[PDB]
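Dropping model_24.cif in here (mmCIF, N, CA and C atoms; chains and numbers go by the auth columns):
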data_final
loop_
_atom_site.group_PDB
_atom_site.id
_atom_site.type_symbol
_atom_site.label_atom_id
_atom_site.label_comp_id
_atom_site.label_asym_id
_atom_site.label_seq_id
_atom_site.Cartn_x
_atom_site.Cartn_y
_atom_site.Cartn_z
_atom_site.B_iso_or_equiv
_atom_site.auth_seq_id
_atom_site.auth_asym_id
ATOM 1 N N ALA A 1 -8.113 1.381 -7.842 0.00 1 A
ATOM 2 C CA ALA A 1 -8.119 2.835 -7.834 0.00 1 A
ATOM 3 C C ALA A 1 -6.689 3.372 -7.863 0.00 1 A
ATOM 4 N N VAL A 2 -6.538 4.652 -8.162 0.00 2 A
ATOM 5 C CA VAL A 2 -5.215 5.251 -8.237 0.00 2 A
ATOM 6 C C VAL A 2 -4.695 5.571 -6.836 0.00 2 A
ATOM 7 N N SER A 3 -3.544 5.015 -6.499 0.00 3 A
ATOM 8 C CA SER A 3 -2.968 5.233 -5.187 0.00 3 A
ATOM 9 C C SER A 3 -2.066 6.461 -5.194 0.00 3 A
ATOM 10 N N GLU A 4 -2.621 7.586 -4.763 0.00 4 A
ATOM 11 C CA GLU A 4 -1.858 8.822 -4.657 0.00 4 A
ATOM 12 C C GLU A 4 -1.111 8.840 -3.326 0.00 4 A
ATOM 13 N N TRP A 5 -1.451 7.880 -2.478 0.00 5 A
ATOM 14 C CA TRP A 5 -0.750 7.673 -1.226 0.00 5 A
ATOM 15 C C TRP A 5 0.190 6.486 -1.385 0.00 5 A
ATOM 16 N N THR A 6 1.484 6.742 -1.348 0.00 6 A
ATOM 17 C CA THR A 6 2.459 5.689 -1.560 0.00 6 A
ATOM 18 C C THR A 6 2.901 5.080 -0.233 0.00 6 A
ATOM 19 N N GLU A 7 2.972 3.759 -0.196 0.00 7 A
ATOM 20 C CA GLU A 7 3.294 3.031 1.020 0.00 7 A
ATOM 21 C C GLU A 7 4.803 2.834 1.139 0.00 7 A
ATOM 22 N N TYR A 8 5.409 3.529 2.091 0.00 8 A
ATOM 23 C CA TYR A 8 6.820 3.347 2.396 0.00 8 A
ATOM 24 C C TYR A 8 6.986 2.920 3.844 0.00 8 A
ATOM 25 N N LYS A 9 7.481 1.714 4.048 0.00 9 A
ATOM 26 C CA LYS A 9 7.629 1.177 5.388 0.00 9 A
ATOM 27 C C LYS A 9 9.097 0.965 5.737 0.00 9 A
ATOM 28 N N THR A 10 9.564 1.687 6.744 0.00 10 A
ATOM 29 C CA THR A 10 10.924 1.537 7.225 0.00 10 A
ATOM 30 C C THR A 10 10.978 0.479 8.323 0.00 10 A
ATOM 31 N N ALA A 11 12.124 -0.198 8.420 0.00 11 A
ATOM 32 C CA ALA A 11 12.325 -1.290 9.374 0.00 11 A
ATOM 33 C C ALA A 11 12.150 -0.823 10.814 0.00 11 A
ATOM 34 N N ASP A 12 12.140 0.491 11.004 0.00 12 A
ATOM 35 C CA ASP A 12 11.882 1.083 12.311 0.00 12 A
ATOM 36 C C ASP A 12 10.434 0.833 12.738 0.00 12 A
ATOM 37 N N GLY A 13 9.616 0.392 11.788 0.00 13 A
ATOM 38 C CA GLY A 13 8.226 0.120 12.073 0.00 13 A
ATOM 39 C C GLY A 13 7.357 1.333 11.838 0.00 13 A
ATOM 40 N N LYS A 14 7.736 2.133 10.855 0.00 14 A
ATOM 41 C CA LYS A 14 6.977 3.331 10.519 0.00 14 A
ATOM 42 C C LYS A 14 6.531 3.296 9.065 0.00 14 A
ATOM 43 N N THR A 15 5.232 3.387 8.854 0.00 15 A
ATOM 44 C CA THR A 15 4.686 3.493 7.515 0.00 15 A
ATOM 45 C C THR A 15 4.424 4.952 7.172 0.00 15 A
ATOM 46 N N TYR A 16 5.282 5.519 6.346 0.00 16 A
ATOM 47 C CA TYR A 16 5.127 6.895 5.927 0.00 16 A
ATOM 48 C C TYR A 16 4.618 6.952 4.498 0.00 16 A
ATOM 49 N N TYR A 17 3.438 7.518 4.349 0.00 17 A
ATOM 50 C CA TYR A 17 2.784 7.609 3.064 0.00 17 A
ATOM 51 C C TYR A 17 3.176 8.892 2.360 0.00 17 A
ATOM 52 N N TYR A 18 3.879 8.746 1.253 0.00 18 A
ATOM 53 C CA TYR A 18 4.321 9.892 0.484 0.00 18 A
ATOM 54 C C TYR A 18 3.272 10.253 -0.552 0.00 18 A
ATOM 55 N N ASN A 19 2.771 11.473 -0.456 0.00 19 A
ATOM 56 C CA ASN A 19 1.745 11.951 -1.363 0.00 19 A
ATOM 57 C C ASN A 19 2.170 13.273 -1.977 0.00 19 A
ATOM 58 N N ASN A 20 1.751 13.496 -3.214 0.00 20 A
ATOM 59 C CA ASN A 20 2.082 14.720 -3.929 0.00 20 A
ATOM 60 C C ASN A 20 1.082 15.831 -3.614 0.00 20 A
ATOM 61 N N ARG A 21 0.162 15.576 -2.684 0.00 21 A
ATOM 62 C CA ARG A 21 -0.814 16.588 -2.291 0.00 21 A
ATOM 63 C C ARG A 21 -0.165 17.623 -1.385 0.00 21 A
ATOM 64 N N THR A 22 0.648 17.148 -0.459 0.00 22 A
ATOM 65 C CA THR A 22 1.418 18.031 0.398 0.00 22 A
ATOM 66 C C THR A 22 2.917 17.904 0.131 0.00 22 A
ATOM 67 N N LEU A 23 3.283 17.028 -0.818 0.00 23 A
ATOM 68 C CA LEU A 23 4.687 16.714 -1.093 0.00 23 A
ATOM 69 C C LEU A 23 5.353 16.176 0.169 0.00 23 A
ATOM 70 N N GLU A 24 4.555 15.531 1.011 0.00 24 A
ATOM 71 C CA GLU A 24 4.998 15.141 2.341 0.00 24 A
ATOM 72 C C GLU A 24 4.708 13.670 2.608 0.00 24 A
ATOM 73 N N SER A 25 5.598 13.030 3.349 0.00 25 A
ATOM 74 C CA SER A 25 5.365 11.685 3.830 0.00 25 A
ATOM 75 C C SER A 25 4.702 11.741 5.201 0.00 25 A
ATOM 76 N N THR A 26 3.437 11.359 5.258 0.00 26 A
ATOM 77 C CA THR A 26 2.680 11.430 6.495 0.00 26 A
ATOM 78 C C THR A 26 2.669 10.077 7.199 0.00 26 A
ATOM 79 N N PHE A 27 2.717 10.102 8.523 0.00 27 A
ATOM 80 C CA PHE A 27 2.715 8.877 9.310 0.00 27 A
ATOM 81 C C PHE A 27 1.294 8.515 9.727 0.00 27 A
ATOM 82 N N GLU A 28 0.335 9.290 9.248 0.00 28 A
ATOM 83 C CA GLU A 28 -1.063 9.020 9.520 0.00 28 A
ATOM 84 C C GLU A 28 -1.684 8.301 8.328 0.00 28 A
ATOM 85 N N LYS A 29 -2.203 7.100 8.562 0.00 29 A
ATOM 86 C CA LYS A 29 -2.827 6.319 7.503 0.00 29 A
ATOM 87 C C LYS A 29 -4.028 7.066 6.929 0.00 29 A
ATOM 88 N N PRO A 30 -3.988 7.369 5.620 0.00 30 A
ATOM 89 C CA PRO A 30 -5.043 8.127 4.939 0.00 30 A
ATOM 90 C C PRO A 30 -6.435 7.549 5.166 0.00 30 A
ATOM 91 N N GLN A 31 -7.342 8.395 5.636 0.00 31 A
ATOM 92 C CA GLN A 31 -8.713 7.981 5.930 0.00 31 A
ATOM 93 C C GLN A 31 -9.503 7.682 4.654 0.00 31 A
ATOM 94 N N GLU A 32 -8.955 8.065 3.508 0.00 32 A
ATOM 95 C CA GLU A 32 -9.608 7.794 2.234 0.00 32 A
ATOM 96 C C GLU A 32 -9.003 6.569 1.564 0.00 32 A
ATOM 97 N N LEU A 33 -7.979 6.005 2.182 0.00 33 A
ATOM 98 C CA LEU A 33 -7.303 4.852 1.615 0.00 33 A
ATOM 99 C C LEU A 33 -7.995 3.567 2.053 0.00 33 A
ATOM 100 N N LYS A 34 -8.832 3.034 1.176 0.00 34 A
ATOM 101 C CA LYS A 34 -9.557 1.807 1.455 0.00 34 A
ATOM 102 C C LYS A 34 -9.965 1.143 0.143 0.00 34 A
#

Could you quickly redo this structure as structure tokens?
Amino acid sequence: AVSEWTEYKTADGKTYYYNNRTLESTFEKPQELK
């Protein structure tokens, strides 16, 4: 499927998903991402 949620993981131990829906990197794992 098309991943509109991009996986960015910083060594700090934070996975921030960058999406063009809010133009925002969210630290909440997308509930639709499966």

Taking 3 positions as the minimum chain separation for residues in the same chain, which residues sit within 7 Å of residue 21 (chain A) when counting all atoms listed in the file? Answer as a PyMOL selection string.
chain A and resi 4+18+24

List every residue of region 3-33 of chain A that DSSP, applied to the backbone of this structure, assigns to strand (DSSP E), and report them as a list in words.
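Of region 3-33 of chain A, the ones in strand (DSSP E) are residues 5, 6, 7, 8, 9, 10, 14, 15, 16, 17, 18, 19, 24, 25 and 26 of chain A.
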
Just give me the gap between CA of residue 13 (chain A) and CA of residue 33 (chain A) in Å, one decimal is fine.
19.3 Å

Work out how far CA of residue 27 (chain A) is from CA of residue 15 (chain A), in Å to one decimal.
6.0 Å

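Put simply, CA of residue 22 (chain A) is 19.5 Å away from atom C of residue 9 (chain A).
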
Output the residue selection produced by the PyMOL selection byres (((chain A and resi 29 and name CA) around 10) and name CA) on the file above, formatted as number ranges by chain.
A: 5, 7, 15-17, 26-28, 30-33

Could you work out an axis-aligned box for region 7-10 of chain A, taking every atom the file lists and adding 5 Å on each side, and report centre and edge lengths in Å to one decimal, as JSON?
{"center_x": 7.0, "center_y": 2.1, "center_z": 4.1, "size_x": 18.0, "size_y": 13.3, "size_z": 18.5}
